[PDB]
>>> print(open('final11.txt').read())   # compact mmCIF, C-alpha atoms and all ligand atoms
# COMPACT_ATOMS: atom_id res chain seq x y z
CA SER H 7 51.73 75.41 -106.43
CA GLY H 8 50.19 77.07 -109.47
CA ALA H 9 50.05 80.24 -111.56
CA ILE H 10 47.80 82.25 -113.90
CA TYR H 11 49.31 83.08 -117.32
CA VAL H 12 47.55 86.04 -118.99
CA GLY H 13 49.13 88.14 -121.74
CA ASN H 14 52.78 88.74 -120.79
CA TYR H 15 52.08 88.24 -117.09
CA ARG H 16 52.45 85.38 -114.61
CA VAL H 17 50.35 85.66 -111.39
CA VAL H 18 51.52 83.59 -108.41
CA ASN H 19 51.14 83.52 -104.61
CA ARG H 20 53.69 86.04 -103.31
CA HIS H 21 54.94 83.53 -100.73
CA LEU H 22 55.73 80.99 -103.50
CA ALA H 23 57.35 83.47 -105.97
CA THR H 24 60.70 82.25 -107.37
CA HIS H 25 63.99 84.13 -107.84
CA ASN H 26 62.99 84.54 -111.53
CA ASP H 27 59.59 86.03 -110.55
CA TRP H 28 61.34 88.67 -108.38
CA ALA H 29 63.88 89.43 -111.15
CA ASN H 30 60.99 90.12 -113.58
CA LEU H 31 58.74 91.83 -111.01
CA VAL H 32 55.77 93.87 -112.27
CA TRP H 33 53.77 94.28 -109.03
CA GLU H 34 53.45 92.64 -105.61
CA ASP H 35 51.32 93.09 -102.53
CA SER H 36 52.08 91.28 -99.29
CA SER H 37 48.64 92.18 -97.90
CA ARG H 38 47.02 90.26 -100.79
CA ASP H 39 49.60 87.38 -101.03
CA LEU H 40 50.02 88.21 -104.75
CA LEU H 41 52.95 88.78 -107.05
CA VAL H 42 52.90 89.36 -110.84
CA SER H 43 55.99 88.89 -113.02
CA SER H 44 56.55 89.45 -116.72
CA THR H 45 56.92 86.60 -119.26
CA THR H 46 58.36 86.36 -122.78
CA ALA H 47 55.71 83.89 -124.02
CA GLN H 48 52.01 84.84 -124.42
CA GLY H 49 49.80 83.26 -121.73
CA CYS H 50 47.07 80.59 -121.85
CA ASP H 51 44.39 82.15 -119.41
CA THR H 52 41.24 84.75 -119.48
CA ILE H 53 40.39 86.80 -116.34
CA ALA H 54 36.76 86.98 -115.21
CA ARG H 55 35.32 90.53 -114.85
CA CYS H 56 32.17 89.78 -112.87
CA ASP H 57 30.58 89.46 -109.45
CA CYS H 58 30.19 85.65 -109.35
CA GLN H 59 30.19 84.06 -105.89
CA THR H 60 30.16 80.46 -107.18
CA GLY H 61 32.78 78.61 -109.20
CA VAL H 62 35.08 75.57 -109.34
CA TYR H 63 38.61 75.27 -107.92
CA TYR H 64 41.45 72.86 -108.44
CA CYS H 65 42.63 71.04 -105.26
CA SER H 66 46.07 69.49 -105.83
CA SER H 67 45.92 67.51 -102.50
CA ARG H 68 42.95 65.60 -103.97
CA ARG H 69 43.89 65.77 -107.69
CA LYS H 70 40.26 66.96 -108.14
CA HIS H 71 38.15 70.02 -108.89
CA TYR H 72 35.36 71.00 -106.46
CA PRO H 73 32.44 73.44 -106.78
CA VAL H 74 32.34 76.27 -104.17
CA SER H 75 30.19 79.13 -102.91
CA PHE H 76 32.58 81.89 -101.74
CA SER H 77 32.37 85.23 -99.97
CA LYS H 78 32.98 88.57 -101.67
CA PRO H 79 36.60 89.83 -101.47
CA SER H 80 37.25 91.18 -97.99
CA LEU H 81 39.81 91.83 -95.20
CA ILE H 82 40.25 88.59 -93.23
CA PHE H 83 42.54 87.82 -90.29
CA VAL H 84 45.12 85.10 -91.18
CA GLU H 85 47.21 83.43 -88.45
CA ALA H 86 51.00 83.60 -88.55
CA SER H 87 52.83 81.13 -90.80
CA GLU H 88 56.51 80.72 -91.77
CA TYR H 89 55.84 83.23 -94.59
CA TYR H 90 53.99 86.04 -92.81
CA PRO H 91 53.27 87.34 -89.33
CA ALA H 92 49.63 87.27 -88.13
CA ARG H 93 47.86 89.96 -90.22
CA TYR H 94 44.76 90.93 -92.18
CA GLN H 95 44.90 89.71 -95.76
CA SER H 96 42.85 91.86 -98.17
CA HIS H 97 40.85 90.85 -101.27
CA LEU H 98 40.39 87.31 -99.82
CA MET H 99 37.33 85.15 -100.50
CA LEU H 100 36.47 82.21 -98.22
CA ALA H 101 34.58 79.02 -99.02
CA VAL H 102 33.92 75.59 -97.56
CA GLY H 103 36.17 73.06 -99.26
CA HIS H 104 39.26 70.97 -98.62
CA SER H 105 42.71 72.56 -98.72
CA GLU H 106 46.26 72.00 -97.42
CA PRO H 107 49.19 74.53 -97.63
CA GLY H 108 50.57 73.08 -100.88
CA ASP H 109 47.21 73.70 -102.58
CA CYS H 110 48.13 77.42 -102.85
CA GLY H 111 48.14 78.44 -106.51
CA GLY H 112 45.20 76.28 -107.59
CA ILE H 113 42.87 78.25 -109.87
CA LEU H 114 39.27 79.21 -109.01
CA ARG H 115 37.18 79.74 -112.21
CA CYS H 116 33.60 80.76 -112.91
CA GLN H 117 31.81 80.66 -116.34
CA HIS H 118 33.52 84.03 -117.21
CA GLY H 119 37.15 83.03 -116.61
CA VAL H 120 39.76 82.95 -113.85
CA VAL H 121 38.55 84.47 -110.55
CA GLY H 122 41.59 83.93 -108.33
CA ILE H 123 44.02 81.44 -106.77
CA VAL H 124 44.08 79.41 -103.52
CA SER H 125 45.90 81.40 -100.86
CA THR H 126 44.68 80.27 -97.39
CA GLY H 127 42.73 77.50 -95.72
CA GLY H 128 42.25 75.06 -92.85
CA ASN H 129 39.61 72.93 -91.08
CA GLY H 130 37.47 72.47 -94.16
CA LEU H 131 37.88 76.05 -95.41
CA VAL H 132 39.68 77.29 -98.50
CA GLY H 133 40.50 80.98 -99.21
CA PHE H 134 41.15 82.53 -102.61
CA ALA H 135 43.08 85.68 -103.48
CA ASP H 136 40.84 87.61 -105.95
CA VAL H 137 42.37 88.87 -109.18
CA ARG H 138 39.20 90.25 -110.91
CA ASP H 139 39.90 93.84 -109.85
CA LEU H 140 43.38 93.86 -111.54
CA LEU H 141 42.16 95.38 -114.78
CA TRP H 142 45.68 95.99 -116.11
CA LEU H 143 46.28 92.18 -116.42
CA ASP H 144 44.43 92.48 -119.80
CA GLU H 145 46.31 95.36 -121.35
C1 LIG H 201 45.77 76.69 -98.45
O1 LIG H 201 46.52 76.99 -97.25
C2 LIG H 201 46.25 76.24 -96.13
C3 LIG H 201 45.33 75.21 -96.07
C4 LIG H 201 45.17 74.51 -94.89
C5 LIG H 201 45.93 74.84 -93.79
CL1 LIG H 201 45.74 73.94 -92.32
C6 LIG H 201 46.84 75.87 -93.82
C7 LIG H 201 47.01 76.57 -95.00
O2 LIG H 201 48.02 77.53 -95.09
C8 LIG H 201 47.61 78.82 -95.04
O3 LIG H 201 46.48 79.18 -94.85
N1 LIG H 201 48.66 79.66 -95.15
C9 LIG H 201 50.07 79.23 -95.24
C10 LIG H 201 50.77 79.86 -96.43
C11 LIG H 201 50.57 81.39 -96.47
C12 LIG H 201 49.07 81.72 -96.39
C13 LIG H 201 48.80 83.21 -96.45
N2 LIG H 201 48.15 83.65 -97.53
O4 LIG H 201 49.08 83.94 -95.49
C14 LIG H 201 48.43 81.11 -95.14
ZN ZN H 202 31.88 85.07 -113.24
>>> encode(input="final11.txt", output="C-alpha cells")
Amino acid sequence: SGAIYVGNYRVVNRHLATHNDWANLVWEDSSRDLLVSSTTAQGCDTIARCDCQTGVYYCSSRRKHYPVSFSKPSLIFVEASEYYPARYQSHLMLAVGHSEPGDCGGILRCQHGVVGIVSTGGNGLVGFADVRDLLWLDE
C-alpha cells in the first residue's frame, strides 16, 4: 500500500484504488497501473522533474528503504495477476531490489522529489510506475 499526496491530488496504484478514489476520479490508466483522485486537504509531497536513474525506495515487506539503479520508463511485459491479464505495462522502470505484491505503493525518490511508486516485482526485481511526466500534478 501507499500513495503520493501532491496539491489536491492523491496518486495510487490503479489496482489498489478504493471506492472513494473512484468516486473522486481525476485520471486513470490501466496500462500504467495508475489512478489519481482529488482530495480536500493540501498534500505533503513534491514531484521530481528530472532524468535521474538512481534513487531510494521504501519496501514495506522489510520496513526499510533501499538504494536502486533503475531503467528509464518503458513498455515491459507483466504476467497475468488477479488484477490484470498478461499485458505490456507502459512508463515502468525496473531495478534490482526486494519486493512482494503488498509493497505496491511504496515511494521511489531521488534528490529532486518523488519519482514514482512500486507497481511490479519478483525474483529480486522491483518495478516502479513513473509519475515525472504527469506535469499537471503541480497545477
Ligand atoms: C511488487 O509486486 C510484486 C512483487 C513480487 C512479486 Cl513475486 C509479485 C508482485 O506483483 C506484481 O508484480 N504484480 C501484482 C499486482 C499488479 C501488478 C501490475 N502492475 O500489473 C503486478
Ligand atoms: Zn531526480
>>> residues_near_ligand(input="final11.txt", ligand="ligand ZN 202 (chain H)", cutoff="7 Å", atoms="all atoms listed in the file", output="ChimeraX atom specification")
/H:54-58,116-119
>>> residues_near_ligand(input="final11.txt", ligand="ligand LIG 201 (chain H)", cutoff="9 Å", atoms="only C-alpha atoms and all ligand atoms", output="ChimeraX atom specification")
/H:19-22,36-40,84-95,98,104-111,124-135
>>> closest_residue(input="final11.txt", among="H:17, H:74, H:29, H:23", to="residue 122 (chain H)", atoms="only C-alpha atoms")
H:17
>>> closest_residue(input="final11.txt", among="H:101, H:45, H:112, H:145", to="residue 77 (chain H)", atoms="only C-alpha atoms")
H:101
>>> residues_near_point(input="final11.txt", point="(32.6, 81.3, -98.3)", cutoff="7 Å", atoms="only C-alpha atoms", output="list in words")
residues 75, 76, 77, 99, 100, 101 and 102 of chain H
>>> residues_around(input="final11.txt", residues="residue 27 (chain H)", least_positions_apart="6", cutoff="9 Å", atoms="all atoms listed in the file", output="PyMOL selection string")
chain H and resi 16+18+41-44
>>> atom_distance(input="final11.txt", atom1="CA of residue 49 (chain H)", atom2="CA of residue 13 (chain H)")
4.9 Å
>>> closest_residue(input="final11.txt", among="H:30, H:96, H:115, H:136", to="residue 82 (chain H)", atoms="only C-alpha atoms")
H:96
>>> atom_distance(input="final11.txt", atom1="CA of residue 8 (chain H)", atom2="CA of residue 69 (chain H)")
13.1 Å
>>> build_atoms(input="final11.txt", residues="region 28-43 of chain H", atoms="N, CA and C atoms", output="PDB file, keeping the file's coordinate frame")
ATOM      1  N   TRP H  28      60.861  87.397-108.962  1.00  0.00           N
ATOM      2  CA  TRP H  28      61.340  88.670-108.380  1.00  0.00           C
ATOM      3  C   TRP H  28      62.254  89.456-109.321  1.00  0.00           C
ATOM      4  N   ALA H  29      62.996  88.760-110.172  1.00  0.00           N
ATOM      5  CA  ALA H  29      63.880  89.430-111.150  1.00  0.00           C
ATOM      6  C   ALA H  29      63.099  90.058-112.328  1.00  0.00           C
ATOM      7  N   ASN H  30      61.861  89.591-112.548  1.00  0.00           N
ATOM      8  CA  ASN H  30      60.990  90.120-113.580  1.00  0.00           C
ATOM      9  C   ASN H  30      59.718  90.716-112.953  1.00  0.00           C
ATOM     10  N   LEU H  31      59.868  91.318-111.760  1.00  0.00           N
ATOM     11  CA  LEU H  31      58.740  91.830-111.010  1.00  0.00           C
ATOM     12  C   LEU H  31      57.965  92.932-111.713  1.00  0.00           C
ATOM     13  N   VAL H  32      56.641  92.820-111.750  1.00  0.00           N
ATOM     14  CA  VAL H  32      55.770  93.870-112.270  1.00  0.00           C
ATOM     15  C   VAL H  32      55.068  94.551-111.086  1.00  0.00           C
ATOM     16  N   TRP H  33      54.512  93.741-110.165  1.00  0.00           N
ATOM     17  CA  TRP H  33      53.770  94.280-109.030  1.00  0.00           C
ATOM     18  C   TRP H  33      53.668  93.187-107.964  1.00  0.00           C
ATOM     19  N   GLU H  34      53.678  93.575-106.712  1.00  0.00           N
ATOM     20  CA  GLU H  34      53.450  92.640-105.610  1.00  0.00           C
ATOM     21  C   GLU H  34      52.771  93.338-104.454  1.00  0.00           C
ATOM     22  N   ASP H  35      52.040  92.552-103.672  1.00  0.00           N
ATOM     23  CA  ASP H  35      51.320  93.090-102.530  1.00  0.00           C
ATOM     24  C   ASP H  35      51.261  92.009-101.460  1.00  0.00           C
ATOM     25  N   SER H  36      52.018  92.197-100.397  1.00  0.00           N
ATOM     26  CA  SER H  36      52.080  91.280 -99.290  1.00  0.00           C
ATOM     27  C   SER H  36      50.706  91.141 -98.626  1.00  0.00           C
ATOM     28  N   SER H  37      49.954  92.266 -98.542  1.00  0.00           N
ATOM     29  CA  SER H  37      48.640  92.180 -97.900  1.00  0.00           C
ATOM     30  C   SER H  37      47.665  91.344 -98.688  1.00  0.00           C
ATOM     31  N   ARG H  38      47.923  91.086 -99.964  1.00  0.00           N
ATOM     32  CA  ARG H  38      47.020  90.260-100.790  1.00  0.00           C
ATOM     33  C   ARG H  38      47.627  88.857-101.062  1.00  0.00           C
ATOM     34  N   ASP H  39      48.872  88.608-100.679  1.00  0.00           N
ATOM     35  CA  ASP H  39      49.600  87.380-101.030  1.00  0.00           C
ATOM     36  C   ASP H  39      49.716  87.219-102.550  1.00  0.00           C
ATOM     37  N   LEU H  40      49.851  88.336-103.299  1.00  0.00           N
ATOM     38  CA  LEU H  40      50.020  88.210-104.750  1.00  0.00           C
ATOM     39  C   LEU H  40      51.294  88.816-105.258  1.00  0.00           C
ATOM     40  N   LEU H  41      51.824  88.207-106.350  1.00  0.00           N
ATOM     41  CA  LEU H  41      52.950  88.780-107.050  1.00  0.00           C
ATOM     42  C   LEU H  41      52.712  88.499-108.528  1.00  0.00           C
ATOM     43  N   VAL H  42      53.013  89.476-109.365  1.00  0.00           N
ATOM     44  CA  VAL H  42      52.900  89.360-110.840  1.00  0.00           C
ATOM     45  C   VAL H  42      54.263  89.640-111.436  1.00  0.00           C
ATOM     46  N   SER H  43      54.716  88.738-112.294  1.00  0.00           N
ATOM     47  CA  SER H  43      55.990  88.890-113.020  1.00  0.00           C
ATOM     48  C   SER H  43      55.714  88.891-114.510  1.00  0.00           C
TER      49      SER H  43
END
